[PDB]
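Single-structure report; data block below.
Heavy-atom basis, side chains included; hydrogens, waters and symmetry copies ignored. Residue numbers run from 1 in the order of the sequence given.
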Amino acid sequence: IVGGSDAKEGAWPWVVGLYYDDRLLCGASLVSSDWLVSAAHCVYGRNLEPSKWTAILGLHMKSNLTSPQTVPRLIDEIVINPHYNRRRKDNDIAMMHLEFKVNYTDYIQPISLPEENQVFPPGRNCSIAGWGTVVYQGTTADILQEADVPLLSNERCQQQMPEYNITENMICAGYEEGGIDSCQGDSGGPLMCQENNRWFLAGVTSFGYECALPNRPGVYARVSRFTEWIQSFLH
């Protein structure tokens with residue numbers, strides 16, 4: 001996360017860090033007691049031995065090794081979206097199953113999927129959080145970083161990203177002046193939006209051109225487009 005600041009413990013209790021070969025590579029969001037939502041590009045091509053992935057839930061600072069609120073879980077199934085197109089970056093979303101369920105606490109809670117026909121309006125600020133790079137081509141955060149970013153319309157995002165195919169399956173967020181954005185290592189994490197005192201998972205961190213440039217917004221997979229499919233896994 002570029003231009004954000006340290007989160008407080010408990011700030012975003014659905015945010016989960018995903019480890020592979022001992023490195024936190026991507027974020028993910030807890031959506032039930034045993035399913036995460038993350039990005040397909042994070043796991044694509046390396047999902048079929050799913051026990052190589054570990055989720056840490058209730059995570060705040062990577063270096064805090066005596067944290068009693070963090071809970072590890074092996075992953076035992078990873079399902080990429082059946083429409084995912086790697087070349088086009090379209091449908092960039094995956095489901096990951098926790099080997100054993102988690103009990104919810106102030107530090108571990110699921111985030112709601114969007115309500116039917118919920119609108120997340122261009123111009124509204126939503127929040128992002130992750131342990132990825134703090135500046136473009138910089139280093140990964142220790143303490144979870146958070147920031148707020150405004151949504152764009154897809155028309156405006158496509159004009160700013162003419163090199164890319166911005167589809168109905170994507171939602172974009174960032175500032176005209178740049179400075180605040182998701183970055184490498186944040187992929188898979190939530191774009192989350194508040195309505196009526198409740199948080200909804202509006203997007204999943206997907207891609208962008210570099211990070212935090214002016215007039216270059218972050219692109220996220222639009223979760224409302226996948227709610228039926230995500231629901232298909234749940235108990």
Side-chain angles (χ1 to χ4, degrees), residues 1-5 7 11-12 14-15 26-29 31 37-41 81 83-85 88-94 111-130 132-133 136 145-184 186-231:
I1 307 287
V2 185
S5 48
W12 305 106
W14 44 86
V15 169
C26 269
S29 302
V31 296
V37 173
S38 187
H41 76 267
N81 191 266
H83 299 107
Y84 172 54
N85 180 314
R88 295 186 80 258
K89 301 187 202 286
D90 199 15
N91 307 296
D92 185 11
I93 195 164
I111 185 181
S112 300
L113 306 172
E115 290 178 331
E116 301 176 350
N117 307 313
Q118 189 161 3
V119 161
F120 303 108
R124 170 147 314 159
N125 268 12
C126 298
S127 299
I128 52 180
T133 59
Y136 181 57
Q145 297 297 289
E146 58 179 24
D148 287 343
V149 285
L151 301 180
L152 270 77
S153 70
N154 283 34
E155 184 166 294
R156 177 171 168 84
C157 183
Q158 177 64 91
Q159 188 175 242
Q160 297 188 330
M161 304 288 274
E163 303 90 348
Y164 299 81
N165 271 232
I166 301 304
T167 65
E168 63 183 326
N169 308 310
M170 292 168 190
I171 182 173
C172 302
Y175 291 91
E176 172 182 346
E177 62 273 30
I180 297 184
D181 199 354
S182 299
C183 198
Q184 275 70 51
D186 290 320
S187 267
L191 170 68
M192 53 243 162
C193 301
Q194 191 169 213
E195 186 179 336
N196 285 357
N197 290 343
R198 282 155 85 349
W199 294 94
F200 294 90
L201 182 65
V204 178
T205 307
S206 183
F207 68 91
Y209 171 68
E210 297 191 356
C211 308
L213 297 171
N215 292 315
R216 287 288 194 175
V219 191
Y220 296 78
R222 183 177 290 270
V223 171
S224 62
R225 288 273 299 160
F226 299 103
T227 280
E228 169 168 12
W229 177 71
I230 291 164
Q231 285 163 186

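Side-chain contact check for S112 versus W199: every heavy-atom pair is 4.5 Å or farther apart. The side-chain heavy atoms of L152 and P122, taken from C-beta on, include no pair separated by under 4.5 Å. Residues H41 and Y84 meet the side-chain proximity criterion, which asks for heavy atoms closer than 4.5 Å. At a threshold of 4.5 Å between non-hydrogen side-chain atoms, the residues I1 and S182 count as touching. The side-chain heavy atoms of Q118 and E195, taken from C-beta on, include a pair separated by under 4.5 Å. Residues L201 and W14 form no side-chain contact, since every pair of their non-hydrogen atoms from C-beta on lies 4.5 Å or further apart. Counting heavy atoms from C-beta on, the side chains of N215 and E176 come closer than 4.5 Å. Residues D90 and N165 are not in side-chain contact: their nearest non-hydrogen atoms beyond the backbone lie 4.5 Å or more apart.
With rounding to the nearest 0.5 angstrom, the CG atom of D181 is 11.5 Å from the CZ atom of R216. In this structure, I166 CD1 and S153 OG are separated by 11.0 Å, a value rounded to the nearest 0.5 Å. Rounded to the nearest 0.5 angstrom, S127 OG and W12 CH2 are separated by 3.5 Å. We find the CD-CZ distance between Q194 and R124 to be 9.5 Å, quoted to the nearest 0.5 Å. Taking CG of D148 as the start and OH of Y175 as the end, the distance is 6.0 Å to the nearest 0.5 Å. The line from OG of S5 to CD of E146 is 5.0 Å long, rounded to the nearest 0.5 Å.
What you find for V219 and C157 is that their closest heavy atoms are CG2-SG, 4.2 Å. Across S29 and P190, no two heavy atoms sit closer than the pair OG-CB, 3.2 Å. In terms of heavy atoms, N154 sits closest to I171 at OD1-CA, 4.2 Å. Between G174 and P217, the shortest heavy-atom distance links the atoms N-CB, 4.2 Å. Contact detail for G208 and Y164: the closest heavy-atom pair is O-OH, 4.1 Å. Contact between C211 and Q184 at its shortest, heavy atoms only, is SG-OE1, 3.5 Å.
Enclosure of atom CD in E228 is not indicated, since only 12 or fewer non-hydrogen atoms of other residues, nucleotides or ligands lie within 6.0 angstrom.
Here the rule is side chain to side chain donor-acceptor pair (under 3.5 Å) with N91, and of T167, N169, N85, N81 only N169 fits it.
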Verdict with supporting geometry, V37 and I93, side chain to side chain contact (heavy atoms under 4.5 Å, CB included): CA-CA 7 Å; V37 173; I93 195 164; 3.7 Å; yes

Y209 vs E163, side chain to side chain contact (heavy atoms under 4.5 Å, CB included): CA-CA, chis, key distance, verdict: CA-CA 10 Å; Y209 171 68; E163 303 90 348; over 6 Å; no

Worked verdict on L191 versus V204 for side chain to side chain contact (heavy atoms under 4.5 Å, CB included): CA-CA 6 Å; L191 170 68; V204 178; over 6 Å; no

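The backbone N or O of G27 sits less than 3.5 Å from a side-chain atom of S38, completing a donor-acceptor pair. Here the side chain of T227 pairs no donor or acceptor atom with the backbone of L113 at under 3.5 angstrom.
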